[PDB]
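Here's coords_13.tsv, which has TSV, C-alpha atoms and all ligand atoms:
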chain	number	residue	atom	x	y	z
F	1	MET	CA	2.48	-1.03	25.39
F	2	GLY	CA	2.73	2.41	23.80
F	3	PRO	CA	0.67	4.17	21.11
F	4	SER	CA	2.78	3.82	17.96
F	5	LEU	CA	3.41	0.09	18.40
F	6	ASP	CA	-0.23	-0.51	19.37
F	7	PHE	CA	-1.41	1.30	16.20
F	8	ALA	CA	0.88	-0.63	13.80
F	9	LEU	CA	0.05	-3.99	15.39
F	10	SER	CA	-3.66	-3.17	15.24
F	11	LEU	CA	-3.26	-2.24	11.60
F	12	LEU	CA	-1.57	-5.63	10.96
F	13	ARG	CA	-4.32	-7.42	12.78
F	14	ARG	CA	-7.32	-5.60	11.14
F	15	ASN	CA	-6.24	-4.01	7.83
F	16	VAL	CA	-2.92	-5.28	6.38
F	17	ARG	CA	-3.01	-8.65	4.63
F	18	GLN	CA	-0.73	-11.19	3.06
F	19	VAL	CA	-1.59	-11.63	-0.60
F	20	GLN	CA	-0.32	-13.30	-3.82
F	21	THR	CA	-1.06	-12.51	-7.48
F	22	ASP	CA	0.43	-14.03	-10.68
F	23	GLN	CA	3.25	-11.46	-10.04
F	24	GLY	CA	4.03	-13.07	-6.61
F	25	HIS	CA	3.86	-11.62	-3.08
F	26	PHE	CA	2.48	-8.32	-1.91
F	27	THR	CA	1.11	-6.56	1.13
F	28	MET	CA	-2.49	-5.42	0.69
F	29	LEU	CA	-4.25	-2.65	2.67
F	30	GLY	CA	-7.96	-2.97	3.41
F	31	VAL	CA	-9.44	0.49	3.82
F	32	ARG	CA	-13.17	0.18	4.48
F	33	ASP	CA	-16.04	-2.13	3.63
F	34	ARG	CA	-14.89	-4.40	0.74
F	35	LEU	CA	-12.42	-1.86	-0.62
F	36	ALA	CA	-8.68	-2.55	-0.53
F	37	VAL	CA	-5.67	-1.04	-2.34
F	38	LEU	CA	-2.63	-2.68	-4.02
F	39	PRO	CA	0.31	-1.47	-6.14
F	40	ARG	CA	-0.75	-1.40	-9.81
F	41	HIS	CA	2.12	-3.65	-11.08
F	42	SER	CA	0.78	-6.51	-8.89
F	43	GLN	CA	-1.82	-7.13	-11.70
F	44	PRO	CA	-4.61	-8.67	-9.63
F	45	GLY	CA	-6.73	-10.83	-11.94
F	46	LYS	CA	-10.22	-12.19	-11.27
F	47	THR	CA	-9.07	-13.77	-8.04
F	48	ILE	CA	-6.41	-13.06	-5.51
F	49	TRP	CA	-5.06	-15.31	-2.77
F	50	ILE	CA	-5.68	-13.56	0.58
F	51	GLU	CA	-3.85	-15.18	3.52
F	52	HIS	CA	-5.56	-18.61	3.50
F	53	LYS	CA	-8.07	-18.53	0.64
F	54	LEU	CA	-8.72	-17.53	-2.92
F	55	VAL	CA	-10.93	-14.44	-2.97
F	56	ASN	CA	-12.79	-13.11	-6.02
F	57	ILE	CA	-12.27	-9.54	-7.17
F	58	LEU	CA	-15.49	-7.79	-8.27
F	59	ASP	CA	-13.87	-4.67	-9.57
F	60	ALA	CA	-10.44	-3.11	-10.08
F	61	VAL	CA	-9.71	0.53	-10.77
F	62	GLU	CA	-6.25	1.80	-11.72
F	63	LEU	CA	-5.78	5.38	-10.47
F	64	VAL	CA	-4.51	8.01	-12.87
F	65	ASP	CA	-4.15	11.67	-12.25
F	66	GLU	CA	-5.62	14.53	-14.33
F	67	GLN	CA	-2.80	14.19	-16.89
F	68	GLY	CA	-3.67	10.46	-17.30
F	69	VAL	CA	-0.39	9.66	-15.55
F	70	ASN	CA	-0.14	6.45	-13.57
F	71	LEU	CA	-0.46	6.74	-9.78
F	72	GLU	CA	0.49	3.07	-9.35
F	73	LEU	CA	-2.50	2.21	-7.20
F	74	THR	CA	-5.33	-0.13	-7.88
F	75	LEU	CA	-8.52	-0.07	-5.93
F	76	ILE	CA	-10.05	-3.51	-5.56
F	77	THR	CA	-13.51	-4.51	-4.33
F	78	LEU	CA	-13.64	-7.97	-2.83
F	79	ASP	CA	-16.32	-10.60	-2.68
F	80	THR	CA	-16.14	-11.23	1.08
F	81	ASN	CA	-18.14	-11.33	4.26
F	82	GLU	CA	-15.57	-9.10	5.92
F	83	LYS	CA	-16.00	-5.36	6.25
F	84	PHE	CA	-12.54	-3.93	6.89
F	85	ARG	CA	-12.24	-1.73	9.90
F	86	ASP	CA	-12.75	1.71	8.41
F	87	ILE	CA	-9.37	3.52	8.52
F	88	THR	CA	-10.14	6.34	6.05
F	89	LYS	CA	-9.90	8.92	8.91
F	90	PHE	CA	-6.21	7.95	9.39
F	91	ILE	CA	-5.50	8.86	5.76
F	92	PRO	CA	-4.85	12.59	5.29
F	93	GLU	CA	-7.11	14.61	2.95
F	94	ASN	CA	-3.89	15.48	1.01
F	95	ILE	CA	-0.64	13.68	0.45
F	96	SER	CA	1.43	14.44	3.53
F	97	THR	CA	5.05	13.98	4.44
F	98	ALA	CA	6.11	12.64	7.86
F	99	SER	CA	9.07	12.34	10.15
F	100	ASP	CA	10.37	8.94	11.19
F	101	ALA	CA	7.80	6.89	9.33
F	102	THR	CA	7.56	3.12	9.59
F	103	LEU	CA	6.95	0.78	6.68
F	104	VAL	CA	4.65	-2.08	7.71
F	105	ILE	CA	4.99	-5.16	5.54
F	106	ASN	CA	2.83	-8.29	5.68
F	107	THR	CA	3.76	-10.98	3.11
F	108	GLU	CA	4.12	-14.78	3.41
F	109	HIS	CA	7.86	-14.24	3.01
F	110	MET	CA	8.01	-11.10	5.21
F	111	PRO	CA	5.22	-11.42	7.78
F	112	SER	CA	4.49	-8.66	10.31
F	113	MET	CA	7.57	-6.75	9.30
F	114	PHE	CA	8.53	-3.35	10.68
F	115	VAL	CA	11.04	-1.25	8.78
F	116	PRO	CA	12.14	2.17	10.10
F	117	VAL	CA	12.33	4.09	6.80
F	118	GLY	CA	12.84	7.48	8.49
F	119	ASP	CA	11.65	10.83	7.14
F	120	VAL	CA	9.29	10.80	4.11
F	121	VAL	CA	9.47	13.70	1.66
F	122	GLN	CA	7.71	14.93	-1.47
F	123	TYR	CA	9.06	13.45	-4.63
F	124	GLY	CA	6.43	13.73	-7.38
F	125	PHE	CA	7.64	12.19	-10.67
F	126	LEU	CA	9.38	8.76	-10.71
F	127	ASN	CA	10.24	6.45	-13.66
F	128	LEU	CA	9.50	2.82	-12.77
F	129	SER	CA	10.63	0.11	-15.27
F	130	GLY	CA	9.69	2.47	-18.12
F	131	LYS	CA	6.40	3.49	-16.38
F	132	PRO	CA	6.23	7.11	-15.26
F	133	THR	CA	4.39	7.68	-12.04
F	134	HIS	CA	3.18	10.79	-10.09
F	135	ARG	CA	2.41	11.77	-6.49
F	136	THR	CA	5.18	9.65	-5.13
F	137	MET	CA	7.12	10.24	-1.99
F	138	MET	CA	10.65	9.10	-1.03
F	139	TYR	CA	12.46	7.70	2.02
F	140	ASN	CA	16.21	7.12	2.20
F	141	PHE	CA	16.12	3.46	3.00
F	142	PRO	CA	17.38	0.59	0.83
F	143	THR	CA	13.99	-1.09	0.30
F	144	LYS	CA	13.98	-4.42	-1.59
F	145	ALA	CA	11.98	-6.76	-3.72
F	146	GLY	CA	9.02	-8.32	-1.91
F	147	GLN	CA	8.16	-5.12	-0.04
F	148	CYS	CA	5.63	-3.62	-2.46
F	149	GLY	CA	2.22	-2.92	-0.96
F	150	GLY	CA	3.92	-2.16	2.35
F	151	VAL	CA	2.20	0.54	4.37
F	152	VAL	CA	3.99	3.84	5.05
F	153	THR	CA	2.85	5.10	8.43
F	154	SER	CA	3.56	7.56	11.31
F	155	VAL	CA	1.73	8.92	14.40
F	156	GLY	CA	-1.59	7.21	13.66
F	157	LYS	CA	-1.57	8.31	10.02
F	158	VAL	CA	-1.52	6.14	6.87
F	159	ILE	CA	0.30	8.09	4.18
F	160	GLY	CA	1.56	5.71	1.48
F	161	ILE	CA	1.87	2.32	-0.26
F	162	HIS	CA	5.39	1.14	-1.13
F	163	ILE	CA	5.95	0.74	-4.92
F	164	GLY	CA	9.67	1.01	-5.76
F	165	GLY	CA	13.32	1.56	-4.94
F	166	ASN	CA	16.80	1.94	-6.46
F	167	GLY	CA	18.84	-0.03	-3.97
F	168	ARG	CA	19.47	3.06	-1.77
F	169	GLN	CA	16.11	4.74	-1.55
F	170	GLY	CA	12.51	3.64	-1.47
F	171	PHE	CA	9.42	5.31	-2.95
F	172	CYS	CA	5.71	5.07	-2.17
F	173	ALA	CA	2.57	6.15	-3.96
F	174	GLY	CA	1.00	8.76	-1.63
F	175	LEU	CA	-2.44	8.31	-0.09
F	176	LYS	CA	-5.28	10.78	0.10
F	177	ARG	CA	-8.71	10.21	1.55
F	178	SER	CA	-10.60	11.05	-1.58
F	179	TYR	CA	-9.29	7.84	-3.28
F	180	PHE	CA	-11.42	5.86	-0.82
F	181	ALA	CA	-14.56	8.06	-0.62
F	201	LIG	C1	8.27	-4.22	-5.18
F	201	LIG	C2	7.74	-5.28	-6.18
F	201	LIG	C3	8.47	-6.60	-6.24
F	201	LIG	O1	9.16	-7.05	-5.33
F	201	LIG	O2	8.34	-7.40	-7.43
F	201	LIG	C4	9.50	-7.76	-8.14
F	201	LIG	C5	9.93	-6.54	-8.93
F	201	LIG	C6	9.53	-3.55	-5.78
F	201	LIG	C7	10.41	-2.93	-4.67
F	201	LIG	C8	11.70	-2.33	-5.22
F	201	LIG	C9	12.52	-3.34	-6.02
F	201	LIG	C10	13.97	-3.01	-5.70
F	201	LIG	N1	13.88	-2.25	-4.48
F	201	LIG	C11	12.66	-1.87	-4.16
F	201	LIG	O3	12.37	-1.22	-3.17
F	201	LIG	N2	9.16	-2.58	-6.81
F	201	LIG	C12	9.45	-2.78	-8.11
F	201	LIG	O4	10.05	-3.74	-8.57
F	201	LIG	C13	9.01	-1.72	-9.05
F	201	LIG	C14	7.99	-2.38	-9.97
F	201	LIG	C15	7.19	-1.41	-10.81
F	201	LIG	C16	6.65	-0.23	-10.27
F	201	LIG	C17	5.90	0.62	-11.11
F	201	LIG	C18	5.69	0.30	-12.46
F	201	LIG	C19	6.22	-0.88	-12.98
F	201	LIG	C20	6.97	-1.73	-12.16
F	201	LIG	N3	10.08	-1.14	-9.84
F	201	LIG	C21	11.23	-0.60	-9.40
F	201	LIG	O5	11.56	-0.56	-8.20
F	201	LIG	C22	12.02	-0.13	-10.59
F	201	LIG	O6	11.54	-0.38	-11.69
F	201	LIG	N4	13.18	0.52	-10.71
F	201	LIG	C23	14.04	1.03	-9.68
F	201	LIG	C24	14.74	2.30	-10.19
F	201	LIG	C25	13.74	3.40	-10.59
F	201	LIG	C26	13.06	4.20	-9.47
F	201	LIG	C27	14.20	4.82	-10.26
Represent the structure contained in this file as structure tokens.
Ligand SMILES: */C(=C/C(=O)OCC)[C@H](C[C@@H]1CCNC1=O)NC(=O)[C@H](Cc1ccccc1)NC(=O)C(=O)NCCC1CC1
Amino acid sequence: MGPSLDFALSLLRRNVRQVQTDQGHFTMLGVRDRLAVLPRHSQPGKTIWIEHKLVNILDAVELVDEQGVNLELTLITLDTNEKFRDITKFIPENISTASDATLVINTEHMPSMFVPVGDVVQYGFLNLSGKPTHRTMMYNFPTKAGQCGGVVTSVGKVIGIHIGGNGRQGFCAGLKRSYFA
């Protein structure tokens, strides 16, 4: 087996989890230690179902930029025995574009799902259900409901979390390493 498939499968195995909040089904990315990240609109409460058990959330942090504008990411710290494999070195120090990215989804409804979203470009501002959002990127792929949390990735790099779409395009919140330091 080759490098790109091996990397995405290993991600699925170690870092990308099936979860459910009161808002329904999402893909969650575990980054290091007890720190994971979800799309903000998933509204994780005091607990979150992770794969096969209800896990308690010790802390949630909604990321805003310097303007106080929503970045549509929530850092959660879990009460678990698990330490996630540390993947912070796969996340670029700044929000980076990519060519021929793959969206990795892992939901009860869409388990271990690989979606070739193609090239990923800077987008910046995006208006989501009346919520304005910054630092987004775009891919021209008709992404759909149930795919939020999905992990945008390419050549051993983890560059975004899927958050939205318009029926023709999809959009992710971009990752940078400092969010997880
Ligand atoms: C993922 C969440 C989900 O499935 O829950 C039910 C909504 C979902 C994926 C996109 C839906 C349609 N196609 C997709 O790829 N995202 C959303 O539903 C988000 C929710 C959101 C995000 C930020 C703040 C508040 C809510 N919203 C949208 O996709 C959206 O509101 N509008 C699409 C058009 C606007 C981008 C121009």
Which residue of F:52, F:177, F:134, F:13 approaches residue 66 (chain F) most closely, using all atoms listed in the file:
F:134
As a quick test: using only C-alpha atoms and all ligand atoms, which residues lie no more than 9 Å away from ligand LIG 201 (chain F)? Give them as a PyMOL selection string.
chain F and resi 23-26+39-42+70-72+126-133+141-150+162-171
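Across the model, the gap from CA of residue 7 (chain F) to CA of residue 114 (chain F) is 12.3 Å.
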Separation of CA of residue 19 (chain F) and CA of residue 108 (chain F), in Å?
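That distance, rounded to one decimal, is 7.7 Å.
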Distance in Å - CA of residue 50 (chain F) versus CA of residue 109 (chain F):
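So the two atoms, CA of residue 50 (chain F) and CA of residue 109 (chain F), lie 13.8 Å apart.
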Return the single residue from F:38, F:60, F:12, F:161 that is closest to residue 136 (chain F), with distances computed using all atoms listed in the file.
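Closest residue, counting all atoms listed in the file: F:161.
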